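Q: Residue numbers (this note's numbering), protein chains in the order written: chain A, 1 to 604; chain B, 605 to 676; chain C, 677 to 748; chain D, 749 to 1352; chain E, 1353 to 1393; chain F, 1394 to 1434.
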Ligand SMILES: *C(=O)CCCCCCCCCCCCC
Ligand SMILES: *C(=O)CCCCCCCCCCCCC
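1. Would residue 1426 of chain F pass as an interface residue toward chain B - the criterion being a Cβ-Cβ separation below 8 Å?
2. Distance, Cα to Cα, residue 1121 of chain D vs residue 1008 of chain D?
3. How many Å lie between residue 1203 of chain D and residue 1013 of chain D at the Cα?
4. Just how far apart, CA to CA, sit residue 229 of chain A and residue 518 of chain A?
5. Which residues, taken in chain order from the stretch 1400-1419 of chain F, show a beta carbon closer than 8 Å to some beta carbon of chain B?
6. Which one of A:94, A:34 and A:105 has the shortest CA to CA distance from residue 22 of chain A?
7. For a contact defined as C-beta to C-beta under 7 Å, what are the partners of residue 1395 of chain F on chain B?
8. Using 10 angstroms around the beta-carbon of residue 887 of chain D, count the other beta-carbons present and answer buried if the total reaches 16, otherwise exposed.
9. Check for me: the alpha helix (DSSP H) holding residue 969 of chain D runs from which residue to which?
10. Return the residue from the list B:642, B:609, B:634 and B:660 that minimises the CA-CA distance to residue 673 of chain B.
11. Mind checking whether residue 444 of chain A and residue 327 of chain A have CB atoms under 8 Å apart?
12. What did DSSP end up calling residue 330 of chain A once you bin it into helix, strand or coil?
13. Quick check: does the Cβ of residue 1405 of chain F come within less than 7 Å of any heavy atom belonging to ligand 2?
14. Is it a yes or a no for the stretch 1308-1323 of chain D touching the stretch 1235-1245 of chain D, going by three-plus beta-carbon pairs under 8 Å?
15. At a cut-off of 7 Å, is residue 87 of chain A close to ligand 1 when judged by its beta-carbon and the heavy atoms of the ligand?
16. Of all Cβ atoms in chain C, is any one closer than 8 Å to the Cβ of residue 787 of chain D?
17. What are the start and end residues of each continuous alpha helix (DSSP H) run of 4 or more residues lying completely inside the stretch 78-105 of chain A, in chain order?
18. How far does the alpha helix (DSSP H) with residue 25 of chain A in it reach, from first residue to last?
19. Compute the beta-carbon to beta-carbon distance between residue 1303 of chain D and residue 1294 of chain D, rounded to the nearest angstrom, for a pair I have assumed lies under 8 Å.
20. Expressed to the nearest angstrom, what Euclidean distance is found between the alpha-carbon atoms of residue 786 of chain D and residue 648 of chain B?
21. Using a Cβ cut-off of 7 Å, pull out every chain D residue sitting near residue 713 of chain C, in sequence order please.
22. Mind listing, in chain order, the continuous alpha helix (DSSP H) runs of no fewer than 4 residues lying wholly within the stretch 1149-1213 of chain D?
23. Contact criterion: CB-CB distance below 8 Å. Does residue 691 of chain C meet it with respect to chain D?
24. At 4 residues or longer, and completely inside the stretch 868-937 of chain D: list those alpha helix (DSSP H) runs for me, N to C.
25. If the cut is a Cβ gap below 8 Å, which residues of chain E does residue 709 of chain C touch?
26. Which full runs of the beta strand (DSSP E) of 3+ residues lie inside the stretch 345-400 of chain A, going along the chain?
27. So what does residue 310 of chain A bridge to, in DSSP terms?
28. Using DSSP with H/G/I as helix, E/B as strand and the rest coil, what is residue 51 of chain A?
29. Under a three-way DSSP split, which group does residue 8 of chain A fall into?
30. Identify the contact partners of residue 823 of chain D in chain C, using a Cβ-Cβ distance below 8 Å as the criterion.
31. Can we count residue 1354 of chain E as close to ligand 1, meaning its CB is less than 7 Å from some heavy atom?
32. Give me the DSSP bridge partner(s) of residue 1046 of chain D.
33. Within the same chain, show all residues whose beta-carbon is closer than 6 Å to that of residue 406 of chain A, passing over the 5 residues directly before and after it, in chain order.
34. Under a CB-based cut-off of 8 Å, is residue 1085 of chain D close to chain A?
35. Determine the chain C residues that contact residue 633 of chain B at a beta-carbon separation under 8 Å, and present them in chain order.
36. Does the beta carbon of residue 675 of chain B come closer than 8 Å to any beta carbon on chain F?
Here you go:
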């Protein structure tokens, strides 16, 4: 049973309506199921432990028995009259609301009390590493004590109550074994209150540490089910939400990104220059679109973000072409009639809006750093919005210069300030971008081995690629973490892949002389580096031309392997290299024993 | 076998559903409160992981849930 | 009052739903087969449209469906 | 109960599983509920009637009692073990499958038998209108008979069995009253087997006809709930499906439709001519875009349809400008760089595809019809598809001419064949079009009083307007039909509106001298023509500038009135003008009595 | 088509099933149930 | 907020209700139910 206890308000006959939460002057009795007593007992148990320090310091008020907050009522206990009717409990143990209040504020008040002392006991305990993980190692007690008698700073609490803290301590450190009163010798065994827990944390030499290897697994299992690593290369529309894209604002360096390497950025590849004009704040400036191609951020295929083009440390040659100086650098949109990459001359450019200029010309924004005047780090920045560009077939964001007077000097300059580190930040997660279009769902499998070397590094913050990369990256840490894809152990991961290579290379051999019986020693090893190359750089699985990894099978395969692989690790997964791991722990205890030996001499 | 703690879960899961009782009736979905005592039974025998070790767990009228039930 | 023919409809309607019994269990929705005899009653009195004419229809243990039921 | 009968297969105790459809050597007994016996009895009853003709002609096989196909089993009868458990029926009457087969093929075999005779009886019966609808009117039997003894063609069956058909007849026509054997006189009352039914169909002088007025109502009620007339001016997105658009291919006459009168059709309003070229089937032709504006079907905002531009009977002046002749007329798409209505000269037109040319020049397609050579009716025709125009910001469908050699003669011609009757047929109902955009849902209330006089007649086949017109049109026939919106009876329809005008004109009077107390005699009459103008031309309610009808209240109001109005008509709704209607029926019976009077003399 | 077993009295992939239309029994559930005001009561 | 009456023991617009957070009882149902392999069994 569970929930609050109910009782037949109509008396005797208890039906699915003659019940009612048995409330009263104390609040409502909620049932205390077996396991929920484990907690409140485990919590109180950790407080009772500090008994010797509560009396010493006259705080506290006696040991806290959980049997002081409960009661022994009886009735039907459920979550609702209907279902509570199927849990007739007699003399169960319930805790009334007003009690659920004290057991709370008591464990809270006492928790402070101890939390404090417990902190002093520690700066003194750990102040001599009472924990080794291979074999033993003593340190003659006299010295030890006479030593901490020093180190411990005058405001601890282990100097005001030595054997009032010691008695608390003995129950937390199975290192300190108190000398028995009637034989005046230790005990071999150490009996700290955490008897079992402390036994099951020792780094057992057979397998690393059960508490470790156990969690590193349940931890990975969490992720595997959580983010949705499963279904990682699913071939079908998936809401961007399914990718929980967060804290995702990637930055670049356009005016370098080739147009074909990333759809969201077209260029004005035209013969001559395209000097246009525009009255901005009265003054008339001339946008240039200089000698080179001047790659500009396209506006369509640009998920309403927060574009913030930073222009700093980048050269600013106002020294040579004086034409450049005087011009306030500024991010400006450019609506063109004919599609760009077909826009020849000025009459082609519909209009030009200065979405964000920089007050003060190019001769105050400068700063000489050895001849080559740089740009005082400043951030121009628009706030592009999907629909502010409705209808408008062609429009481009360009972080240019806005020259107040074009001249012969700036005839080979080309004032694109795009060489600066632009940082787009998708401000509306629901919508992603792929191959130049804005969508609401991705098709994972499509984005695999479909980008090129740099059609990946040039991805646009929160676009399929960047999403089908953030995803693999989780799955990449589950294998990297739990599975042993980094040793000659032909693990579950590199194993799922090997079975694909076989089934694959086996049918490609079917029909024709079949002169080559499948290899296997070579297949195991080829798939080992395939699974390994993945854990290594999760990204690669997106680039066209990557051995194994990019065939449709793998990944879809890998994950579902790694999947079941985590759901069976056992507990002693740590047996892997638990030999050198062990031998390394003995190595430490031998060096730490060496320490105790000095504590033992210096302070005799 | 449905050991003590494993009933805590299925009860804690069903408990969180029963809570929504007033909305199940309102919208004619659901089908009454889900008691975990509708999926189990009261068989008795030896319960272990293998004949060898199951021999040391004679349980009488324990509460087990059959496979087809562990399905519902 | 639920005259003979008006039971034909509500039965014909429920009949077309009971049919889907195997799919209701499979998918844990539904809540058992819907018998029309769960919404009615067996009252008895005079049943008409107005005191005057209801006086000429003494029905004993007829099958009537109460408003709140005609709702479910 | 209903369904097949089940019985406890496990015996005695019948639980929700110890049941099983009681099948066997005869099939499965399905229960025959009270009403379902009414049908099979009503069907057999109509066959037994023809008893005298079955014996006469040695066919048949005795009267068909429905009690010959059933049985008296007993068990639980439901649709499934679970629910059949709540219908314990004892000695119910079930019909086994193999029986449900005969009662079927018997009623079918016999039905043919009678269907035939029953047809002969008729050509003779109705061959003297035995049905009047006001007062009576006889026709001395001798004459009548001695008359039909003539007319009836030699292959009837009423001449081979006179009083073998007569006996069947007497039961279908309460007009023929047989003379009683032991008083040798009629009976006043006529006792045809359809005693009641025939009584309740007579046009009762108090109210037209119960059978009529009753149905004309249930009929309207069907529609009202069906199509979804309710919710007719709902203000919120509605799937086009909710409008069941079918059999919907509207035709026009572009090159006339103003661009602003219908978004799906832009025009090349440019100064000079825009002669372009294109190699079509080797030969090089020149698309013209002549002197005038040349309105062309825009491609975007064009729901992938089946455009079929017919060019017939329309002038073809190859007589004057010889330039026109020789050019094969053809529907051609035109992708322009700069948006049309901004496309000045040839270099602007990206490309031109001849989506469908007409084989043979303009001098074989002609046909002289009094000087002015016309176009031999022929249909050019593309099959535009939403996505075949993906990306392509500007593209237009144009049914032009394709001149093989532009000349001075065709300098004021302008070869747009759009003056022809184009017929677009939406080939993909799911997607509609509104104000130039393609959507999947309409917002009804939005399309009311939002189109102009012709922003309606220029609507594009299966576009919101055409959908929010097909809808009102149903609701327009429900009122036109059921409700009396065509008499001074201030009906439920014109009444729902009057209450809106009041509540409306009443608050517009609130605040300020309120010198005008609402009228009402003038409001009733104004709303009467408002509801009337609607029934009249349902469309109007879309045009901006229509009195009353176009205020947001009405319609949303009207329908919900007309709604409840139909759900209460009573049965005697026909009482409306049931006076002149009656007086007109007596008028007919007086003229029909006049007929019987001649049948009575000529053939004595 | 994976075997079920009891949920429903028939397996789909069950032994000797048989798709076979007969002009005689035109398959039909219950769509035209009458509910209009006068007719439902 | 239209009156209901019995469906549920409390009316929303009912007499003397009271929204009033208390730092003391942080509202919470049951989200973290443990089901992982080792822990569920
Ligand atoms: C297992 O599910 C394999 C697929 C066989 C049946 C799937 C559905 C197609 C056949 C329908 C049978 C029920 C009525 C169509
Ligand atoms: C009637 O429904 C009027 C609206 C008042 C309550 C509607 C929902 C908003 C308040 C929620 C109460 C339940 C938990 C939020």
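Ideal Cβ positions, reconstructed from N, Cα and C, are used throughout, including at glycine.
A: The short version:
1. Working through the sixth chain from its first residue, we reach residue 1426 of chain F at position 33. Closer than 8 Å: yes.
2. The residue given as residue 1121 of chain D occupies position 373 in the fourth chain. The residue given as residue 1008 of chain D occupies position 260 in the fourth chain. Their backbone Cα atoms lie some 33 Å apart in a straight line.
3. Here residue 1203 of chain D corresponds to residue number 455 of the fourth chain, with the count starting at 1. Here residue 1013 of chain D corresponds to residue number 265 of the fourth chain, with the count starting at 1. Between residue 1203 of chain D and residue 1013 of chain D, the C-alpha separation is close to 12 Å.
4. Position 229 of the first chain, counted from the first residue, corresponds to residue 229 of chain A. Position 518 of the first chain, counted from the first residue, corresponds to residue 518 of chain A. If you take the alpha carbons of residue 229 of chain A and residue 518 of chain A, they lie about 32 Å apart.
5. 1400 and 1401
6. Your numbering for residue 22 of chain A matches position 22 in the first chain. Closest by alpha carbon: A:94.
7. Taking the sixth chain and counting its residues from 1, one reaches residue 1395 of chain F at position 2. Those do not exist, as residue 1395 of chain F stays about 13 Å from chain B at its closest Cβ, beyond 7 Å.
8. Position 139 of the fourth chain, counting from 1, holds the residue named residue 887 of chain D. Under this definition residue 887 of chain D is a buried residue.
9. If you number the fourth chain from 1, residue 969 of chain D lands on position 221. Judged by DSSP secondary structure, residue 969 of chain D falls within the alpha helix (DSSP H) whose first and last residues are 958-971.
10. On the second chain, position 69 is the one that residue 673 of chain B refers to. Looking at the Cα atoms, B:642 is the closest of the given residues.
11. Within the first chain, numbered from 1, the residue matching residue 444 of chain A stands at position 444. Within the first chain, numbered from 1, the residue matching residue 327 of chain A stands at position 327. Cβ distance not < 8 Å, so residue 444 of chain A and residue 327 of chain A don't count as in contact.
12. In the first chain, the residue the question calls residue 330 of chain A occupies position 330. Residue 330 of chain A: strand per DSSP, three-state reduction.
13. If you number the sixth chain from 1, residue 1405 of chain F lands on position 12. Flag set: Cβ of residue 1405 of chain F near ligand 2.
14. yes
15. Here residue 87 of chain A corresponds to residue number 87 of the first chain, with the count starting at 1. No, the Cβ of residue 87 of chain A stays beyond 7 Å of every heavy atom of ligand 1.
16. Translated into the one-based positions of the fourth chain, residue 787 of chain D becomes position 39. So, not an interface residue.
17. 81-84
18. Here residue 25 of chain A corresponds to residue number 25 of the first chain, with the count starting at 1. Taken as a continuous stretch (DSSP letters only), residue 25 of chain A belongs to no alpha helix (DSSP H), as it is neither H nor E.
19. The residue you call residue 1303 of chain D lines up with position 555 of the fourth chain. The residue you call residue 1294 of chain D lines up with position 546 of the fourth chain. Wrong, their Cβ atoms sit about 11 Å apart, outside the cutoff.
20. Along the fourth chain, one-based indexing puts residue 786 of chain D at 38. Along the second chain, one-based indexing puts residue 648 of chain B at 44. The straight-line gap from Cα to Cα measures roughly 59 Å.
21. Position 37 of the third chain holds residue 713 of chain C. Ordered by position in chain D, the residues that pass the 7 Å Cβ test against residue 713 of chain C are 834.
22. 1202-1205
23. Sequence index remark: in the third chain, residue 691 of chain C carries index 15 (1-based). Yes, residue 691 of chain C counts as interfacial toward chain D.
24. The qualifying runs are 889-899 and 910-917.
25. By one-based count along the third chain, residue 709 of chain C stands at place 33. Those within 8 Å of residue 709 of chain C in chain E number zero; the least Cβ separation is about 14 Å.
26. 351-357 and 395-400
27. On the first chain, position 310 is the one that residue 310 of chain A refers to. Bridge partners of residue 310 of chain A: A:379.
28. Counting from 1 along the first chain, the entry for residue 51 of chain A is found at position 51. Residue 51 of chain A: helix per DSSP, three-state reduction.
29. The residue you call residue 8 of chain A lines up with position 8 of the first chain. The answer is coil: DSSP assigns residue 8 of chain A none of H, G, I, E or B.
30. By one-based count along the fourth chain, residue 823 of chain D stands at place 75. Near residue 823 of chain D there are no residues of chain C at all, since even the closest Cβ is about 16 Å away, more than 8 Å.
31. Start at 1 with the first residue of the fifth chain, and residue 1354 of chain E comes out as number 2. Checking every heavy atom of ligand 1 against the Cβ of residue 1354 of chain E, one is found closer than 7 Å.
32. In the fourth chain, counting from the first residue as 1, residue 1046 of chain D sits at position 298. D:1144, per the DSSP bridge assignment.
33. In the first chain, counting from the first residue as 1, residue 406 of chain A sits at position 406. Contacts found: 275 and 286.
34. For this step, residue 1085 of chain D is matched to residue 337 along the fourth chain. Closer than 8 Å to some Cβ of chain A, the Cβ of residue 1085 of chain D qualifies, so yes.
35. What you label residue 633 of chain B is simply residue 29 of the second chain in a count that begins at 1. Against chain C, a Cβ distance below 8 Å from residue 633 of chain B picks out 705.
36. Taking the first residue of the second chain as position 1, residue 675 of chain B is located at position 71. Output row for residue 675 of chain B: interface = no.
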